[PDB]
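Before any questions on binding or motion, here is one chain by itself as structure tokens, the form deposited in one PDB entry.
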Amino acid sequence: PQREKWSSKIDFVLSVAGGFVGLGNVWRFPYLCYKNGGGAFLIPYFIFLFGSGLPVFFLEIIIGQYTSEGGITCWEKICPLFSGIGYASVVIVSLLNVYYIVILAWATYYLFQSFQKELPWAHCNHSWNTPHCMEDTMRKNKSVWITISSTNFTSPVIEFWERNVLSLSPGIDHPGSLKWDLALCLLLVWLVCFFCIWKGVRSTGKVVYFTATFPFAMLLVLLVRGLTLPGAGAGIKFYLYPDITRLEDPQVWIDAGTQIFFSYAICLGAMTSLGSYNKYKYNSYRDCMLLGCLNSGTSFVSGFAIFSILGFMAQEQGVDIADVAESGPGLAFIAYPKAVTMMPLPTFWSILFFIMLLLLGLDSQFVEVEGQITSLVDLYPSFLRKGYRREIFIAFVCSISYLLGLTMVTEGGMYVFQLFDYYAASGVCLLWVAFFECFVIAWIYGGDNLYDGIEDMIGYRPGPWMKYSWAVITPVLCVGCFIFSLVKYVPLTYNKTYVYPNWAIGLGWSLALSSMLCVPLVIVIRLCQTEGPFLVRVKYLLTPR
């Protein structure tokens, strides 16, 4: 039927920017970079960015424009047999939506805690803080720390994150009592998401100019502060300098490549839908490439701020930069609050920073949720619309997503969240989907043939850059990284201290496999449903419907 077209050009640019700019740049990139030793992460991240990321991200926009369909139905138009890619993308979003909304929930909890005379993370006087708590300034003092032994003393910010916000249990094995305070916060984030999606994204556009700007503005203040903070240079040096030994290890490549696919929201089908709304004759090539620069740029800039603060923390604590914070999702929630403590009028700034996180994440969440809803409706549009069931489907998806979300808001919730984050919507699942989409477009549809289509749409022939990426560079990268993970296998660990139970690792592979399995399974299912000689069936299916 009718397809919505973004007004002018801004309605599209802002929406895509909201899509790929969010907690992936702020929360995820620093955490992955920290766990993978600074620059050692950057070389894979950049090789993937201009080799696989930027091309595939544009690819999704192009197919959206040309097909004029949602991410699932789009694949049937291009290559009917491989419609598995569209289904795989949906499973991947659903899992992402569940975990992504919990990062936002922690921020909501933080915002509520931000409203008090003394910031909670500032001192060890608080009840949650254990006997092993010492203020960073006290640690800096030689008399308090160097003179007097204090085994395993932890920064109050770390204790507050670990023992108040998370109530970390010893392990995933014991989930512990569901934390009511966090669950209520999770409900609040979900309620905002459901209601905003109910009313649609039209309301957001009128004020977007300010809402998009506020995060960039707040990030800039944090950036200025960290560099001003003493010890900033060591943090920047750790960030920038690349360790060649780590490059040899497979883990870094997988985390970096997937971060590119997670940050740009490639293979989550979200980008394809945005492209579909965009008009046929639009120079998306110019816009998407410019937009991409922003995503990587903001990730790189947010990185400088996080690392400079870590350098400051390292100075005062006396610990090495590698060990000063959690090597995990907690890093954004540990480093940045410390910066706020140092800022003048810290209470005022803390509220600002958490609001930024909420705005950045919620905008991304709305797009992902909207994309999931639209693709699912696309499968049976007539059936859903006539009924009031479509009107409730959004509620149904949110309610289920909240209920599965509960597992991550328990005391042992972080362990489940880390399992989800590495295994689902990151890991090999994104790599598998990426290879498959590139393989189909480049080899079956014809990359050179697509170029003819793109050239008509954007008004000029695209540079050979993309064609060689979809054909050879993205496939080789994705297959090779997957091959390493199988060849040299290290099970995931939390903060380098928690060996995961065999069952949990298996459960995680079940999260990754279900999405990965979709594409082969649908290939098999399609072939079976079609009738005729197998060669004839393959040929009929391969040709675009």
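Only residues modelled in both forms are compared. Only the largest set of C-alpha atoms that superpose within 1.5 Å between the two forms is called the rigid core. Sequential numbering from 1, following the sequence displayed.
From this point on, the text means the form deposited in another entry, which you will not see here.
Trainee: Only one of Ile400, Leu290, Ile148, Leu240 crosses a C-alpha shift of 2 angstroms between this form and the one not shown, counting 2 angstroms or more, core aligned. Which residue?
Mentor: Of all the options, the C-alpha that shifts by at least 2 Å belongs to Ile148.
Trainee: Please state whether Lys206 has a C-alpha shift of 2 Å or more between this form and the one not shown, with the rigid core used for the fit.
Mentor: Yes, the C-alpha moves 2 Å or more.
Trainee: Kindly check if the Cα atom of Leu14 is displaced 2 angstroms or more between this form and the one not shown relative to the superposed rigid core.
Mentor: Indeed, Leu14 is displaced by 2 Å or more.
Trainee: Relative to what we see here, could you say if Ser15 and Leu104 have their Cα atoms closer or farther apart in the other form, with a change of 3 Å or more?
Mentor: Their C-alpha distance grows by at least 3 Å in the other form.
Trainee: Closer or farther apart in the other form, the C-alpha atoms of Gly405 and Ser15, for a change of 3 Å or more?
Mentor: It is farther: in the other form, the C-alpha atoms of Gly405 and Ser15 lie at least 3 Å more apart than they do here.
Trainee: Three or more consecutive residues, each Cα shifted by 2 Å or more between this form and the one not shown after core superposition: list those runs for me in sequence order.
Mentor: Runs 7 to 20, 142 to 148, 199 to 206, 386 to 388 stand out as displaced between this form and the one not shown - each at least 3 residues long.
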